[PDB]
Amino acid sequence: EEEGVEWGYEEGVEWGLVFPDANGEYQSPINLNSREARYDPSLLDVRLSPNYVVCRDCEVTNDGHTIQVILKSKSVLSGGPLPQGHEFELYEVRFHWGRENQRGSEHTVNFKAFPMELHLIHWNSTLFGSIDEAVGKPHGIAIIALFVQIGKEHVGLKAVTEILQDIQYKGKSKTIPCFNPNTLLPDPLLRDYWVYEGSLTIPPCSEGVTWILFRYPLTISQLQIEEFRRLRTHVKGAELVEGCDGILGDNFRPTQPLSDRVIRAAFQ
């Protein structure tokens, strides 16, 4: 980090050489084979319950690797695969997208990739005092993944996309007045999901992450994805590294071995 270690999606050291957790057995993302998913009736014992509210204290940043929308942990998630009574607070939203519409998502479903995937990152406030303390620990982090296609405009995300112009380079941030994560959830009647255990898809790549992947995608407009496609991996004026084009895009980690993992479905 302070020793000059930059990581990215183009040229650079293999992540496992610098981030030991990346060498684990249970990494993310993965290909999800829908036919291999096992229905678990117990996921319905307490219905997965995203209790999200509007955020009026929210910062958007370009960290050179993704766009982060940092929220307030007021929105909360519980139920489904999560331990009974535990409250997972929503900390932020991160984005992964492609340079062309045929790729961009981190996870694939039956080997199909999507133009974008967004991650709603939650931490367990029932067990831990902060998200930093929860990383890498059992039941510490739960991430909801949404696949995103290209189509009609996403109104809720316009609050973000219309300020991407202001954070084109690494290290730039922008406060926005209002963001509602409810708009990132499928309609209440379209919330089939799969669950598996894995890792962060970015360094440090720690395991202990419960992944909840919704079956139904969001849509953003072509203009919206084009804004994302202008973003840069470095500060303005930086000398590009050999092999790199300075463009932040196709910012997905390759899919990882399933190993012996059981993928569960909350639906038949």
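One-based numbering along the sequence shown.
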statement: Averaging the C-alpha temperature factors as deposited, the higher value of 54 to 62 versus 26 to 34 falls on 54 to 62
statement: Averaging the C-alpha temperature factors as deposited, the higher value of 190 to 198 versus 166 to 174 falls on 166 to 174
task: Pick out which of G98, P81, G156, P138 has the highest C-alpha B-factor in the PDB entry.
output: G156
query: Which listed residue, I67, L240, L218, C205, has the largest C-alpha temperature factor in the record?
result: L240
- request: Give the position of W15 by CA B-factor within its chain, expressed as the lowest, middle or highest third.
  value: highest
query: Split the chain's modelled residues into thirds by Cα B-factor; is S105 in the lowest, middle or highest one?
result: lowest
- request: Taking the chain's C-alpha temperature factors as the reference, tell me which third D260 falls into: lowest, middle or highest.
  value: highest
task: Give the position of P254 by CA B-factor within its chain, expressed as the lowest, middle or highest third.
output: lowest
task: Using the B-factors in the PDB entry, rank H122's C-alpha atom against the chain and give the third, lowest, middle or highest.
output: lowest
